[PDB]
Amino acid sequence: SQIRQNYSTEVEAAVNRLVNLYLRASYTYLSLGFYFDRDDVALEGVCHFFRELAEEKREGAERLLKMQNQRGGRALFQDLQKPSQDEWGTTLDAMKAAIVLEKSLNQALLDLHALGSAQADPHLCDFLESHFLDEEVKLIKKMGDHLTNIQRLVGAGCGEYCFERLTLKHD
Amino acid sequence: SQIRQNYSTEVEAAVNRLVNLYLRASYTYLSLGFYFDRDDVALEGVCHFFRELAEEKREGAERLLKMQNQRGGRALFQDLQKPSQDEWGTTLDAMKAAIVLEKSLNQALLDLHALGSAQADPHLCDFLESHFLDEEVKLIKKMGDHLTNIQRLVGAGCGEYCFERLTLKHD
Amino acid sequence: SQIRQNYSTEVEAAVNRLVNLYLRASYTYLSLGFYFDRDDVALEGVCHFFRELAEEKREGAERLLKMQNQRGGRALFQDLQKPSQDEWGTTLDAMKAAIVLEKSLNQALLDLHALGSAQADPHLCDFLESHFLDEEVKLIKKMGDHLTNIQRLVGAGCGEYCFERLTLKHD
Amino acid sequence: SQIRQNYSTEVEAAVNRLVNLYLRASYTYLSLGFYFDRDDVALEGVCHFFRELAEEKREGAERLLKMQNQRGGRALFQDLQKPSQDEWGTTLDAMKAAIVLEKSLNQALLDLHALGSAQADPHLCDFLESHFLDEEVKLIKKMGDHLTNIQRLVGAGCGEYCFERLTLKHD
Amino acid sequence: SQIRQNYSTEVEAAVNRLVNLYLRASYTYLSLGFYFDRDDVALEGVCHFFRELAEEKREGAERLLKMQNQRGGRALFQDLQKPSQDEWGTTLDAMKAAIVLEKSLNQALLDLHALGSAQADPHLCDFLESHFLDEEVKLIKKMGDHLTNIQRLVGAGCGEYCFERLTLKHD
Ligand SMILES: [Cl-]
Ligand SMILES: [Cl-]
Ligand SMILES: [Cl-]
Ligand SMILES: [Cl-]
Ligand SMILES: [Cl-]
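Those sequence lines, one after another, are chains A, B, C, D and E. According to our numbering, the first sequence is numbered sequentially starting from 24. According to our numbering, the second sequence is numbered sequentially starting from 24. According to our numbering, the third sequence is numbered sequentially starting from 24. According to our numbering, the fourth sequence is numbered sequentially starting from 24. According to our numbering, the fifth sequence is numbered sequentially starting from 24.
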């Protein structure tokens, strides 16, 4: 206001839309987590994996909102749509839906970076580089690793997984 | 006697019957535990799960007996029937019998709560709320989680369980 | 006022009356305690037992007054009548008067609980369940235990008491 | 089964009967303990003495059941009869009933030892020698010491007890 | 010699034969252990299980030899036959051979106990009771537990084992 400098209306609006997308993603992971806590599903480590991602996505939204105020833009909140499913199937189904969700967030980050670069907004571009882009690359790599392991188990694959788990040193 | 106040004969008798039910349940879990210690059954974690429940059910009976004396009622003991089976089958069979047993205890708790509420006995009602009702809900949820996991193993289910156990973080 | 919600005028008034009853009980225990400190009575453990109950009853009144303000009611104080006796007799006499007093408090608590339940005031009902009803049951049980022991001493009773005290392990 | 060696059917059955006797004794001590917790009885050290014996007798039953499985026999549970009394009288009455109960357990242990010796089962005989026979001799000696002291108090006896308790060094 | 008392020539000779049997058993477990260390067998936990039993059997022989000298008998050593097999098959085969071996040791212990009892040699009988008979019962029970678990794995059995291992608390 008194502080705003080199901060376009286009970036301000796109940051508000990205907050909605991150809060939507948090809501989707809340739903995924409670589905795996059902007594007829009962996969605690899958519950915990998704409930932690709910926290991460809400914290990403909060960092964007902090940045919006640091730049002198104004936070505007919209309705948050419910998640796409009420029940999430198997661990494989859920992990495939999570990779699709993370791809969509990553594309929105890349699109906002491109808008910042077009607007000659290096603070915005560095903010996304430093706090979001590598977090998404690392998370998508982990989900792809998980998908391969789940697929080799729900199809000699059982054997190779167990050897790697129970004989070889790993984190 | 000198102390009894707002404590109906109906509640006193129903507490003595519930002590018998809890001691019966303890006896049933003692039997379940030693069956899984047989050399031809030999599932130590299943033995330990049921022997711990024997302890919990006897401690529930002792808390009811303490409360009976705190209210000025008189403990009356009856014969304790032996458990329904001498041999308990598979872990799945045993877990299904345990859920049936816990449902029966929970219904007896709910029936005693309803009698206390009809008798306008808020101490009795709070005693059951505070020390029994949530213990039963949590235990039945755990047994239902176990049942789902055993069923997915003794039927891609083997795979999904092992992934959750050996890759994902859990308690 | 700005905060009051689901808090009936009937409960508000009954809480003010119960504060008077608890402060009256505190006054009665103050008197009991100083009577047992007289040089011609001189039972220090009896003095200390009643002076501690004076503190407990004043703290009960203060918790009710805190709750009255938490709900948006208004504390109203009335005159406090002096205790029923100036001299309290023997330890047996005093313990019998204390059980009568505690019965009267317990009945007033049960009556207020019944009014809260009729008014559909679950906060009030839980407040009494959580902070008062079991405190009274435990205290009345202790006083009844003491009465039995005093009676077996001021009447083979002397023998059985001393054996339990001096040979057997107790708190 | 796969493990059973030198373990007669006669010993197996007699061990199951002795488990019933020990669980019956535990039940009797549970009843004794809660009777001395009544507000009209109110002898805490007597309550604690019997509640500890309930624990000891159930632990004896559990050690027999463990041994039954170590030898390849099969645990078989029967109905547990209620204790012989609902009310237990004075401390003297209760201690006399406890000595009768312990004599009956000791005789059953001695009878099982004799059967093991006749069957040339030295593991069984040593098991009873090492874990049961001296526990019973020591407990019966303690109960006899208590009986003499209670008798000298509920009959110069009061004097001699108090001197021993209050002047002379003892555990 | 100067010390020998109540120690029959029959017991002395039978102790020397039992030393040979224990050293033979140690040799058999040495062979079992190195077979499971072969690169074409490669079951480290099975190797370690049998190499520890080699140590236990040699220590049993040494305790018998110490006792022979404590009683004034004279240790006499004989040739030690090689183990019955050069290759030991699967873990199941090996565990079945180990139970047969332990049964044979247990029978030799029971036969020596019977000879000591016939010779009225209570030191010998207690020595075997205290240091050997329960060690054998516990080891045979463990081997029977292992056999049942191996059989349920090399035949829903895979499932029940994994649940007990990976969900339930065990030592
Ligand atoms: Cl929607
Ligand atoms: Cl029955
Ligand atoms: Cl007055
Ligand atoms: Cl009976
Ligand atoms: Cl040979």
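Ideal placement from N, C-alpha and C gives every residue a C-beta, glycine not left out.
Proximal chain D residues relative to residue i, where beta-carbon distance stays under 8 Å
i         : result
E/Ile-163 : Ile-26 and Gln-28
E/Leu-156 : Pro-145, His-146 and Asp-149
Listed by chain order, chain C residues near residue i by CB distance under 7 Å
i         : result
D/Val-177 : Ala-179, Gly-182 and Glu-183
Neighbour list for residue i in chain C, Cβ cutoff strictly below 8 Å
i         : result
B/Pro-106 : By Cβ distance, chain C contributes nothing, its closest Cβ being about 34 Å from B/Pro-106, past 8 Å.
Chain E contact residues for residue i, given Cβ-Cβ distances below 7 Å
i        : result
D/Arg-81 : Simply none; closest approach about 22 Å.
Simplified DSSP state of residue i, which is helix, strand or coil
i         : result
D/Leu-176 : helix
B/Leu-103 : strand
E/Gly-83  : helix
B/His-193 : coil
A/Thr-171 : helix
A/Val-64  : coil
B/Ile-26  : coil
E/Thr-113 : coil
A/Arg-47  : helix
D/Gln-91  : helix
C/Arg-188 : helix
E/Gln-142 : coil
E/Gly-180 : helix
A/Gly-56  : helix
C/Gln-130 : helix
C/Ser-153 : helix
D/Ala-121 : helix
B/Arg-74  : helix
D/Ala-98  : coil
Where residue i meets chain B, residues with beta-carbon distance less than 9 Å
i        : result
D/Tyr-50 : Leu-46, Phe-100 and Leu-103
Cross-chain neighbours of residue i in chain C, by beta carbon under 9 Å
i         : result
B/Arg-94  : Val-160 and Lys-164
D/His-169 : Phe-186, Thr-190 and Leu-191
Close-in-space but distant-in-sequence residues of the same chain around residue i (CB under 7 Å, 5 per side omitted)
i         : result
C/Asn-172 : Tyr-184
B/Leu-44  : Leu-128 and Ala-131
E/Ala-48  : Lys-80, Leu-124 and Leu-128
B/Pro-106 : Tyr-50, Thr-51 and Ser-54
D/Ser-140 : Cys-148
E/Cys-70  : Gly-56, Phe-59 and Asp-60
E/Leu-138 : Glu-33, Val-34 and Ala-37
Residues that residue i contacts on chain D, provided the C-beta gap is smaller than 9 Å
i         : result
E/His-136 : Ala-143 and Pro-145
Other residues of its chain near residue i: CB distance less than 6 Å, five sequence neighbours each side excluded
i         : result
C/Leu-133 : none
E/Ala-84  : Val-42, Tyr-45 and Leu-46
E/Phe-155 : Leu-132
D/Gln-91  : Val-38 and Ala-98
Contacts of residue i in chain A (Cβ-Cβ under 9 Å)
i         : result
B/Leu-151 : By Cβ distance, chain A contributes nothing, its closest Cβ being about 23 Å from B/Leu-151, past 9 Å.
B/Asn-172 : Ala-65 and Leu-66
Contact list for residue i against chain B, beta-carbon separation under 8 Å
i         : result
C/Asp-109 : Those do not exist, as C/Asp-109 stays about 26 Å from chain B at its closest Cβ, beyond 8 Å.
D/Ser-140 : Near D/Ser-140 there are no residues of chain B at all, since even the closest Cβ is about 26 Å away, more than 8 Å.
Residue i: CB within 7 Å of a non-hydrogen atom of ligand 6
i         : result
A/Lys-105 : Annotation note on ligand 6: not contained in the displayed structure, which lists ligand 1, ligand 2, ligand 3, ligand 4 and ligand 5 as its ligands.
Close-in-space but distant-in-sequence residues of the same chain around residue i (CB under 8 Å, 5 per side omitted)
i         : result
C/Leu-135 : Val-34, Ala-37, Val-38, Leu-41, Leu-147 and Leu-151
A/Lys-165 : none
C/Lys-126 : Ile-163
C/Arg-27  : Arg-94, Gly-95 and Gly-96
C/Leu-87  : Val-38, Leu-41, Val-42 and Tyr-45
D/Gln-108 : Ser-54 and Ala-120
B/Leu-103 : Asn-43, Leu-46, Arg-47 and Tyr-50
Per-residue contacts from residue i into chain A (C-beta, under 8 Å)
i         : result
B/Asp-194 : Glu-67
Chain D contact residues for residue i, given Cβ-Cβ distances below 7 Å
i        : result
B/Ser-31 : Chain D residues near B/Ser-31: none, gap ~18 Å exceeds 7 Å.
Touch test, the segment 54 to 62 of chain B against the segment 70 to 85 of chain B, Cβ-Cβ under 8 Å, three pairs minimum: Under the Cβ criterion (8 Å, minimum of three pairs), the segment 54 to 62 of chain B counts as touching the segment 70 to 85 of chain B.
Interface residues of the segment 112 to 133 of chain B facing chain A [CB-CB below 9 Å]: Cβ contacts with chain A: none found.
Contact set between the segment 61 to 87 of chain D and chain B, restricted to residues whose Cβ is under 7 Å from the partner: Under the 7 Å Cβ criterion, the segment 61 to 87 of chain D contributes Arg-61, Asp-62 and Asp-63.
The segment 95 to 115 of chain B / the segment 173 to 192 of chain B touching (three or more Cβ pairs under 8 Å): Output reads yes: the segment 173 to 192 of chain B touches the segment 95 to 115 of chain B.
At least three beta-carbon pairs within less than 8 Å, the segment 132 to 146 of chain D to the segment 147 to 161 of chain E: In short, these stretches touch, since the Cβ pair count reaches three.
Cβ pair count under 8 Å reaching 3, the segment 161 to 168 of chain B against the segment 58 to 70 of chain C: Contact between the segment 161 to 168 of chain B and the segment 58 to 70 of chain C is absent: fewer than three C-beta pairs spanning the two stretches fall below 8 Å.
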